[PDB]
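Here is the structure we will look at, set down as structure tokens.
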Amino acid sequence: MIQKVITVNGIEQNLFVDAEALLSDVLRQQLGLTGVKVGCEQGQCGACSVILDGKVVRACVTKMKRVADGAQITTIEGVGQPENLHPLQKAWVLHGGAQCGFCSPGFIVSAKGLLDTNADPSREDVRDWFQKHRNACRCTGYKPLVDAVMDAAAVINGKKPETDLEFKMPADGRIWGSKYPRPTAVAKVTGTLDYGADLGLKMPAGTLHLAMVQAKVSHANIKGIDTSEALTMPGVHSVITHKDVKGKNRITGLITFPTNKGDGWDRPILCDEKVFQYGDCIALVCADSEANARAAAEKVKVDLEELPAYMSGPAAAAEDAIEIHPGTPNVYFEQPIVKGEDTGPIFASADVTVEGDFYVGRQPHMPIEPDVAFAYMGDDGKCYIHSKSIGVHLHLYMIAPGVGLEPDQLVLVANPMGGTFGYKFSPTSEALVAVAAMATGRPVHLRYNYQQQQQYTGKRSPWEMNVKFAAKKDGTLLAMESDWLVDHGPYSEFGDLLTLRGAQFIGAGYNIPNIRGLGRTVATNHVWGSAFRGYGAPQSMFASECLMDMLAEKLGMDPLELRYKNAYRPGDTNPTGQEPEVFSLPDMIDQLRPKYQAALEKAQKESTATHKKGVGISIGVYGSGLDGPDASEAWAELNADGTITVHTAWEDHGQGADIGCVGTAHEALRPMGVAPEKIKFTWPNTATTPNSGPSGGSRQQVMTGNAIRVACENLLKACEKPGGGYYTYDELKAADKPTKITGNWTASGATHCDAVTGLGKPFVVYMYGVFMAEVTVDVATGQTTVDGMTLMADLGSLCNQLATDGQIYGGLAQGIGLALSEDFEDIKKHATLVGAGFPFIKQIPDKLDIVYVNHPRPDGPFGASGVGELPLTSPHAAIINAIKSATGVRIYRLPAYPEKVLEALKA
Ligand code: FES
Ligand code: FES
Ligand SMILES: [Cl-]
Ligand SMILES: [Cl-]
Ligand SMILES: [Cl-]
Ligand SMILES: [Mg+2]
Ligand SMILES: [Mg+2]
């Protein structure tokens, strides 16, 4: 141990530390500075950026011996606090740079290091700096962050007044459609919002820290577990196995389809008889600390009979394949799509047919914050779970029978979270912490490290796809055929539904009167499938949007013009036989056309012999809602102090659940003249908030937004004074009148897609968009650089521009990763941010362009559709179409690795 007298945030600290200790650990645990956020723990993400003697370092790979006596450290807490914001923190808030906010402290600290050395940086300087210092963001696509640096810089330089960093009201009082900052912005940019790991450091002693004992093979029969050595190890309380589980020890898929050949109880909470994938939790060590738990977990011995593993869809779908779940065939679900006439004869007689085999792989969500949960037995005897669940009511019913509790005896609460991008549509650690809390009686806490986040949370499921188009010489689509195989890993949850998405979205965007297709779901021993932003669209529309460009090339037609010809117009139906609710695609194409022609011209002019430039186009379509007559509930309550709380279980991945609530409520409350700062939101809690539903399927703004609008409309009626005006709280209570008002809303006109034909009206609101990608391909290396992305977006009406801009920028960046760099195929290699091809700032162009072409939705609140998954429907198709336009080569199987591109280039 050594004494180090240093300065931390301007205050002299008398530090007593292990020289080998990590600065991140010291700052967070010993000094309580949880504003230093830790994600990857491997120096790759920059979340832990601190300033050490004028240099930006990553505290997670800075050992205390590198901290000299009298050193000066600045963390986010020293940059500024809620009542004393730094220009960089004000700028972040104004520009909407905090979405999930997990990266915000590191980014702001890093940016402060930048401005202290380069006071008046260019946009490229900013990007260069964030690249060098490895500041990663998964939410924003970087543009708003650079916007914020530039604006703060102007203020610090004395070029602009600081008051210009404060939000200005639109001068009618309308925050709907505005750039009003999200309520959580201040806490995020000051590091005063407590995420799961932060809460764990602030829990009382007696809290047990968990570590997972995980399978180190992909497929096995378990013979026994030996905990003897682990129990003698330092800090160890006990080891939990399947024997300690009070219920079925199974997670249920809950809405398993009838034609599913599996019962949907295939997933264990703790492995009993079998290992189904690498990483499966077999046991939980409970100890006094994470470090001690992890140490002992290494010594728990599992006796395994290793079985052959099927590591892809095709391998597991073979006739001769051994059943992974005995009694259930590996191909456990099939969804046909049968629309209009038989396609066989139409394909035979058409002027032009095209066909293609396409692949989209196991994309890893890669949130900066790795999975974390905790649980405890309350004084009331209920079991409470606090996690990253983005569907608390959903997960309750998925886990309750497994852990052995009645629905009334378990409570699920969503912590503030650093992004999920769909992986939290699945339970990850909830049942594990419940089981541990129940068996021990003590508070338990479980934090995954980044490797576990990669290997042992759900992934986008790979699809092997064959799609075909039949068409007239004028470009009129006549028919389509489709076959898709979905590799869902060993756990069935929502696998059949994902498969159904192929029926709804392969070929979405165009009038296609005749379709014959078949989707198949298959269990494998690769990572289990959890929703990933887009959920079926990125796979489906990659195939159909690439094939649209192939059809265009065969016709001798401009790809944009071919789309203009076939795009939804009044009278047309989508693939499930349903009429579009608005018709905005022709409008969006027309407005993009000149930008597209201008991009083509630039591409040809600026191309060289070694660096070829191209332009690609795609369309994107997705539903807003869960399938069928989806519904939400909200409560509007006037409180004693004259504020209004809107109670919902609108789960915040980071997308802006808080601003969606406040924005929608304010618009609905306008007649009563309610200031936005007086409107409160609620963190999701199964006991104290209504079943608003999960934050999945880009549904909340529509479903819960409507429910909030109805609740607020009903509160107005309850507050309405006879003869005009409104009662106060005190007046209402004195009259013994209610002050907490319910509102519900239902997508009444929706129906589920039929099990035989795939036809129906699954969503009443869809999202529509047109993508344009501009790329440069280096033909010597096969390396693609995306120079610009454009999205024409119809969102009906914007609740909040900061939120929708950020959403789109974020999804476009994930499109670049999906197209060029991202995959989880090799269990070990792809277990880091860098190894799995996470897009750092230089991989994302500064040129991200949005054009809103809003066609108000009949069923949307004030006209709004969702936005969440739109920017990820097909941006990767536009990118791949752009590579083809640049070089003549088509990548059919994502991602377009440089070597892969080179191989095609030289074929
Ligand atoms: S770089 Fe330190 S937590 Fe990622
Ligand atoms: S706001 Fe950057 S990771 Fe979420
Ligand atoms: Cl998916
Ligand atoms: Cl390929
Ligand atoms: Cl490569
Ligand atoms: Mg027609
Ligand atoms: Mg090669």
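Ordered as shown in the structure tokens, chains take letters A, B, and onward, while each chain numbers its residues from 1 and ligands are numbered from 1 in the order shown.
Each residue with an atom within 8 Å of any atom of ligand 5 appears in the list, which was built counting only C-alpha atoms and all ligand atoms: residues 897, 898, 899 and 900 of chain A.
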Could you take the residues named above and write them with C-alpha atoms, as a CSV table (one decimal), in the first residue's frame?
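Below is the file again-v3.csv, written as the result:
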```csv
chain,number,residue,atom,x,y,z
A,897,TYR,CA,-15.2,-7.2,-44.8
A,898,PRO,CA,-12.3,-5.6,-46.7
A,899,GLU,CA,-10.9,-9.1,-47.6
A,900,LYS,CA,-14.3,-10.3,-48.7
```
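Identified as lying at most 8 Å from ligand 6 when counting only C-alpha atoms and all ligand atoms are the residues residues 511, 569, 571 and 572 of chain A.
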Would you put the residues from that selection into a file with N, CA, C and O atoms, as a PDB file, in the first residue's frame?
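Heads up, here's the output in out23.pdb:
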```
ATOM      1  N   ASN A 511     -46.174  -2.337 -54.082  1.00  0.00           N
ATOM      2  CA  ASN A 511     -47.318  -3.181 -54.398  1.00  0.00           C
ATOM      3  C   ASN A 511     -46.870  -4.474 -55.067  1.00  0.00           C
ATOM      4  O   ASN A 511     -46.347  -4.459 -56.186  1.00  0.00           O
ATOM      5  N   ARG A 569     -49.135   3.292 -53.252  1.00  0.00           N
ATOM      6  CA  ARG A 569     -50.055   4.349 -53.657  1.00  0.00           C
ATOM      7  C   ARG A 569     -51.463   3.874 -53.307  1.00  0.00           C
ATOM      8  O   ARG A 569     -51.674   2.665 -53.174  1.00  0.00           O
ATOM      9  N   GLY A 571     -54.840   2.240 -52.938  1.00  0.00           N
ATOM     10  CA  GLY A 571     -55.334   1.056 -53.624  1.00  0.00           C
ATOM     11  C   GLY A 571     -54.442  -0.162 -53.457  1.00  0.00           C
ATOM     12  O   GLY A 571     -54.917  -1.297 -53.591  1.00  0.00           O
ATOM     13  N   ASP A 572     -53.158   0.071 -53.168  1.00  0.00           N
ATOM     14  CA  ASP A 572     -52.187  -1.012 -52.985  1.00  0.00           C
ATOM     15  C   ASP A 572     -52.306  -1.635 -51.601  1.00  0.00           C
ATOM     16  O   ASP A 572     -52.848  -1.015 -50.691  1.00  0.00           O
TER      17      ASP A 572
END
```
Tell me, as a PDB file with N, CA and C atoms, in the first residue's frame, which residues lie within 12 Å of residue 764 of chain A, counting only C-alpha atoms; anything in the same chain fewer than 5 positions away does not count.
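Just written: result.pdb:
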```pdb
ATOM      1  N   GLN A 578     -52.765  -5.800 -46.360  1.00  0.00           N
ATOM      2  CA  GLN A 578     -53.316  -4.650 -45.654  1.00  0.00           C
ATOM      3  C   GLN A 578     -52.993  -3.356 -46.392  1.00  0.00           C
ATOM      4  N   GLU A 579     -53.928  -2.407 -46.353  1.00  0.00           N
ATOM      5  CA  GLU A 579     -53.715  -1.087 -46.926  1.00  0.00           C
ATOM      6  C   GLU A 579     -52.790  -0.270 -46.033  1.00  0.00           C
ATOM      7  N   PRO A 580     -51.778   0.368 -46.626  1.00  0.00           N
ATOM      8  CA  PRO A 580     -51.006   1.400 -45.927  1.00  0.00           C
ATOM      9  C   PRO A 580     -51.920   2.502 -45.396  1.00  0.00           C
ATOM     10  N   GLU A 581     -51.544   3.087 -44.266  1.00  0.00           N
ATOM     11  CA  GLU A 581     -52.392   4.060 -43.592  1.00  0.00           C
ATOM     12  C   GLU A 581     -52.116   5.473 -44.108  1.00  0.00           C
ATOM     13  N   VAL A 582     -50.880   5.697 -44.557  1.00  0.00           N
ATOM     14  CA  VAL A 582     -50.486   6.901 -45.280  1.00  0.00           C
ATOM     15  C   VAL A 582     -49.699   6.481 -46.517  1.00  0.00           C
ATOM     16  N   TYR A 622     -41.378  -0.303 -41.264  1.00  0.00           N
ATOM     17  CA  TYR A 622     -41.613  -1.083 -40.051  1.00  0.00           C
ATOM     18  C   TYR A 622     -42.873  -0.656 -39.298  1.00  0.00           C
ATOM     19  N   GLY A 623     -43.459  -1.596 -38.560  1.00  0.00           N
ATOM     20  CA  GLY A 623     -44.635  -1.304 -37.762  1.00  0.00           C
ATOM     21  C   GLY A 623     -44.315  -0.598 -36.456  1.00  0.00           C
ATOM     22  N   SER A 624     -45.283   0.175 -35.975  1.00  0.00           N
ATOM     23  CA  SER A 624     -45.232   0.790 -34.657  1.00  0.00           C
ATOM     24  C   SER A 624     -46.308   0.110 -33.818  1.00  0.00           C
ATOM     25  N   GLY A 625     -45.869  -0.780 -32.926  1.00  0.00           N
ATOM     26  CA  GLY A 625     -46.763  -1.605 -32.132  1.00  0.00           C
ATOM     27  C   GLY A 625     -46.304  -3.050 -32.058  1.00  0.00           C
ATOM     28  N   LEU A 626     -46.846  -3.799 -31.100  1.00  0.00           N
ATOM     29  CA  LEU A 626     -46.761  -5.258 -31.137  1.00  0.00           C
ATOM     30  C   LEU A 626     -47.935  -5.765 -31.967  1.00  0.00           C
ATOM     31  N   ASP A 627     -47.835  -7.000 -32.456  1.00  0.00           N
ATOM     32  CA  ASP A 627     -48.835  -7.558 -33.375  1.00  0.00           C
ATOM     33  C   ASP A 627     -50.240  -7.606 -32.791  1.00  0.00           C
ATOM     34  N   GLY A 628     -51.207  -7.180 -33.595  1.00  0.00           N
ATOM     35  CA  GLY A 628     -52.604  -7.283 -33.233  1.00  0.00           C
ATOM     36  C   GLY A 628     -53.075  -6.058 -32.478  1.00  0.00           C
ATOM     37  N   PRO A 629     -54.189  -6.195 -31.753  1.00  0.00           N
ATOM     38  CA  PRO A 629     -54.814  -5.048 -31.080  1.00  0.00           C
ATOM     39  C   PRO A 629     -54.073  -4.697 -29.780  1.00  0.00           C
ATOM     40  N   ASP A 630     -52.843  -4.213 -29.960  1.00  0.00           N
ATOM     41  CA  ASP A 630     -51.962  -3.751 -28.893  1.00  0.00           C
ATOM     42  C   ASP A 630     -52.629  -2.635 -28.089  1.00  0.00           C
ATOM     43  N   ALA A 631     -52.245  -2.510 -26.819  1.00  0.00           N
ATOM     44  CA  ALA A 631     -52.857  -1.519 -25.929  1.00  0.00           C
ATOM     45  C   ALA A 631     -51.895  -0.992 -24.871  1.00  0.00           C
ATOM     46  N   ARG A 699     -43.099   1.064 -30.356  1.00  0.00           N
ATOM     47  CA  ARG A 699     -44.522   1.145 -30.035  1.00  0.00           C
ATOM     48  C   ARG A 699     -44.919   2.226 -29.039  1.00  0.00           C
ATOM     49  N   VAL A 702     -46.651   5.740 -29.936  1.00  0.00           N
ATOM     50  CA  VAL A 702     -48.001   5.500 -30.446  1.00  0.00           C
ATOM     51  C   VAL A 702     -48.918   4.962 -29.350  1.00  0.00           C
ATOM     52  N   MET A 703     -48.541   3.828 -28.760  1.00  0.00           N
ATOM     53  CA  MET A 703     -49.394   3.119 -27.804  1.00  0.00           C
ATOM     54  C   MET A 703     -49.539   3.865 -26.495  1.00  0.00           C
ATOM     55  N   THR A 746     -56.280   1.502 -27.347  1.00  0.00           N
ATOM     56  CA  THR A 746     -56.128   0.228 -28.037  1.00  0.00           C
ATOM     57  C   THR A 746     -56.076   0.426 -29.552  1.00  0.00           C
ATOM     58  N   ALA A 747     -55.136  -0.260 -30.202  1.00  0.00           N
ATOM     59  CA  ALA A 747     -55.082  -0.321 -31.661  1.00  0.00           C
ATOM     60  C   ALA A 747     -56.217  -1.220 -32.151  1.00  0.00           C
ATOM     61  N   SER A 748     -57.439  -0.693 -32.071  1.00  0.00           N
ATOM     62  CA  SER A 748     -58.672  -1.457 -32.300  1.00  0.00           C
ATOM     63  C   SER A 748     -58.772  -2.198 -33.645  1.00  0.00           C
ATOM     64  N   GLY A 749     -58.313  -1.560 -34.723  1.00  0.00           N
ATOM     65  CA  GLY A 749     -58.495  -2.098 -36.064  1.00  0.00           C
ATOM     66  C   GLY A 749     -57.448  -3.106 -36.522  1.00  0.00           C
ATOM     67  N   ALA A 750     -56.618  -3.573 -35.600  1.00  0.00           N
ATOM     68  CA  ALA A 750     -55.526  -4.464 -35.959  1.00  0.00           C
ATOM     69  C   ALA A 750     -55.902  -5.915 -35.730  1.00  0.00           C
ATOM     70  N   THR A 751     -55.312  -6.796 -36.531  1.00  0.00           N
ATOM     71  CA  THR A 751     -55.521  -8.233 -36.388  1.00  0.00           C
ATOM     72  C   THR A 751     -54.193  -8.949 -36.518  1.00  0.00           C
ATOM     73  N   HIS A 752     -54.119 -10.124 -35.903  1.00  0.00           N
ATOM     74  CA  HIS A 752     -52.951 -10.972 -36.013  1.00  0.00           C
ATOM     75  C   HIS A 752     -52.869 -11.588 -37.411  1.00  0.00           C
ATOM     76  N   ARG A 857     -50.423  10.440 -38.986  1.00  0.00           N
ATOM     77  CA  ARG A 857     -51.097   9.146 -38.923  1.00  0.00           C
ATOM     78  C   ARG A 857     -52.489   9.289 -38.300  1.00  0.00           C
ATOM     79  N   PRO A 858     -53.514   8.701 -38.929  1.00  0.00           N
ATOM     80  CA  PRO A 858     -54.879   8.718 -38.373  1.00  0.00           C
ATOM     81  C   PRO A 858     -54.938   8.222 -36.921  1.00  0.00           C
ATOM     82  N   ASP A 859     -54.248   7.116 -36.635  1.00  0.00           N
ATOM     83  CA  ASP A 859     -54.287   6.495 -35.310  1.00  0.00           C
ATOM     84  C   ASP A 859     -53.194   6.957 -34.335  1.00  0.00           C
ATOM     85  N   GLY A 860     -52.227   7.729 -34.827  1.00  0.00           N
ATOM     86  CA  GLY A 860     -51.148   8.218 -33.986  1.00  0.00           C
ATOM     87  C   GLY A 860     -51.523   9.427 -33.141  1.00  0.00           C
ATOM     88  N   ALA A 864     -48.457  11.178 -34.739  1.00  0.00           N
ATOM     89  CA  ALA A 864     -47.142  10.531 -34.636  1.00  0.00           C
ATOM     90  C   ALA A 864     -47.123   9.032 -34.926  1.00  0.00           C
ATOM     91  N   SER A 865     -46.105   8.589 -35.657  1.00  0.00           N
ATOM     92  CA  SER A 865     -45.725   7.182 -35.666  1.00  0.00           C
ATOM     93  C   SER A 865     -44.574   7.035 -34.669  1.00  0.00           C
ATOM     94  N   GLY A 866     -44.048   5.827 -34.496  1.00  0.00           N
ATOM     95  CA  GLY A 866     -42.785   5.664 -33.795  1.00  0.00           C
ATOM     96  C   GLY A 866     -41.615   6.086 -34.680  1.00  0.00           C
TER      97      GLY A 866
END
```
- Item | Expected selection as a ChimeraX atom specification for ligand 4 within 10 Å, only C-alpha atoms and all ligand atoms | /A:357-359,889-897,900-901,903-904
- Task: Please give the complete set of residues from segment 110-249 of chain A that DSSP, run on the backbone, assigns to strand (DSSP E or B), formatted as a list in words.
- Result: residues 178, 208, 209, 210, 211, 212, 213, 214, 220, 221, 222, 223, 224, 225, 226, 236, 237, 238, 239 and 240 of chain A
Contacts between segment 654-660 of chain A and segment 147-251 of chain A, please, where a residue of segment 147-251 of chain A counts if it comes within 9 Å (with only C-alpha atoms); show its shortest atom pair and distance in Å to one decimal, rows by chain and ascending number, as CSV.
```
residue,atom,partner,partner_atom,distance
A:180,CA,A:659,CA,8.3
A:181,CA,A:659,CA,7.6
A:182,CA,A:659,CA,4.8
A:183,CA,A:658,CA,6.4
A:184,CA,A:658,CA,7.2
```
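Residues surrounding residue 799 of chain A within 10 Å are residues 175, 176, 177, 178, 179, 180, 659, 660, 661, 662, 663, 664, 667, 701, 705, 795, 796, 797, 801, 802, 803, 804, 861, 862, 863, 864, 865 and 866 of chain A [only C-alpha atoms; sequence separation below 2 positions excluded].
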Keeping N, CA, C and O atoms for every residue in the selection just given, could you write it to a file as a compact mmCIF listing (two decimals), in the first residue's frame?
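Saved as selection_22.txt:
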```txt
# COMPACT_ATOMS: atom_id res chain seq x y z
N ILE A 175 -44.13 22.76 -26.73
CA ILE A 175 -42.93 21.92 -26.71
C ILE A 175 -43.02 20.66 -27.58
O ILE A 175 -41.99 20.09 -27.95
N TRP A 176 -44.24 20.24 -27.91
CA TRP A 176 -44.43 19.19 -28.91
C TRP A 176 -43.85 19.68 -30.24
O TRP A 176 -44.16 20.79 -30.70
N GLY A 177 -42.98 18.86 -30.84
CA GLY A 177 -42.33 19.22 -32.08
C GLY A 177 -41.07 20.04 -31.90
O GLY A 177 -40.39 20.35 -32.87
N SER A 178 -40.75 20.39 -30.65
CA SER A 178 -39.61 21.26 -30.37
C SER A 178 -38.32 20.51 -30.06
O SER A 178 -38.25 19.28 -30.17
N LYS A 179 -37.30 21.28 -29.68
CA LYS A 179 -36.00 20.75 -29.27
C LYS A 179 -35.82 20.85 -27.76
O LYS A 179 -34.69 20.90 -27.26
N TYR A 180 -36.93 20.88 -27.03
CA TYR A 180 -36.92 20.89 -25.58
C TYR A 180 -36.08 19.73 -25.04
O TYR A 180 -36.28 18.58 -25.43
N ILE A 659 -38.77 12.22 -22.21
CA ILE A 659 -39.19 13.33 -23.06
C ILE A 659 -40.44 13.00 -23.87
O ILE A 659 -41.23 13.89 -24.16
N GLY A 660 -40.63 11.73 -24.22
CA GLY A 660 -41.84 11.29 -24.89
C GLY A 660 -43.07 11.48 -24.02
O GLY A 660 -44.10 11.97 -24.47
N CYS A 661 -42.95 11.10 -22.75
CA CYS A 661 -43.99 11.30 -21.75
C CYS A 661 -44.28 12.80 -21.57
O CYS A 661 -45.42 13.23 -21.71
N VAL A 662 -43.25 13.57 -21.26
CA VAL A 662 -43.40 15.00 -20.98
C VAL A 662 -43.93 15.77 -22.20
O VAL A 662 -44.81 16.62 -22.06
N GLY A 663 -43.40 15.44 -23.38
CA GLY A 663 -43.82 16.07 -24.63
C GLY A 663 -45.26 15.80 -25.01
O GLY A 663 -45.99 16.73 -25.36
N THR A 664 -45.67 14.53 -24.95
CA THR A 664 -47.04 14.13 -25.26
C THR A 664 -48.04 14.69 -24.23
O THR A 664 -49.09 15.22 -24.61
N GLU A 667 -48.59 18.57 -24.65
CA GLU A 667 -49.48 18.88 -25.76
C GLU A 667 -50.95 18.61 -25.40
O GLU A 667 -51.84 19.42 -25.71
N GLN A 701 -44.36 5.60 -28.27
CA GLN A 701 -44.90 6.89 -28.67
C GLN A 701 -46.35 6.79 -29.18
O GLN A 701 -47.17 7.66 -28.88
N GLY A 705 -48.17 6.87 -25.87
CA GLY A 705 -48.44 8.26 -26.21
C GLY A 705 -49.93 8.52 -26.27
O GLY A 705 -50.42 9.49 -25.69
N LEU A 795 -42.42 10.39 -40.03
CA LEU A 795 -42.72 10.05 -38.64
C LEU A 795 -44.07 10.61 -38.20
O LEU A 795 -44.38 10.65 -37.01
N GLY A 796 -44.86 11.06 -39.18
CA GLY A 796 -46.20 11.57 -38.94
C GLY A 796 -46.22 12.96 -38.32
O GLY A 796 -46.77 13.92 -38.90
N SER A 797 -45.62 13.05 -37.14
CA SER A 797 -45.43 14.30 -36.41
C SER A 797 -44.41 14.01 -35.31
O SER A 797 -44.38 12.92 -34.74
N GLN A 801 -37.75 16.86 -31.50
CA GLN A 801 -36.74 16.80 -32.57
C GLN A 801 -35.39 16.28 -32.10
O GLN A 801 -34.74 15.52 -32.82
N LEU A 802 -34.95 16.71 -30.92
CA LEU A 802 -33.72 16.19 -30.33
C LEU A 802 -33.76 14.66 -30.27
O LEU A 802 -32.78 13.99 -30.60
N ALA A 803 -34.90 14.13 -29.85
CA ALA A 803 -35.09 12.70 -29.72
C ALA A 803 -35.10 11.98 -31.08
O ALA A 803 -34.41 10.97 -31.23
N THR A 804 -35.86 12.49 -32.05
CA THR A 804 -35.98 11.83 -33.37
C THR A 804 -34.69 11.94 -34.19
O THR A 804 -34.28 10.96 -34.82
N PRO A 861 -50.92 9.55 -31.95
CA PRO A 861 -51.17 10.69 -31.07
C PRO A 861 -50.65 11.99 -31.70
O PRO A 861 -49.43 12.15 -31.91
N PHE A 862 -51.58 12.89 -32.01
CA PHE A 862 -51.29 14.13 -32.73
C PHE A 862 -50.63 13.87 -34.10
O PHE A 862 -49.98 14.75 -34.67
N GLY A 863 -50.83 12.66 -34.62
CA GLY A 863 -50.30 12.27 -35.92
C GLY A 863 -49.04 11.42 -35.91
O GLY A 863 -48.60 10.98 -36.97
N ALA A 864 -48.46 11.18 -34.74
CA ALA A 864 -47.14 10.53 -34.64
C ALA A 864 -47.12 9.03 -34.93
O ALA A 864 -48.01 8.30 -34.51
N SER A 865 -46.10 8.59 -35.66
CA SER A 865 -45.72 7.18 -35.67
C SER A 865 -44.57 7.04 -34.67
O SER A 865 -44.17 8.02 -34.05
N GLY A 866 -44.05 5.83 -34.50
CA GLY A 866 -42.79 5.66 -33.79
C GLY A 866 -41.62 6.09 -34.68
O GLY A 866 -41.82 6.57 -35.80
```
- Item | 7 Å contact set for residue 550 of chain A, only C-alpha atoms, chain neighbours under 4 positions out, as a ChimeraX atom specification | /A:354,546,554
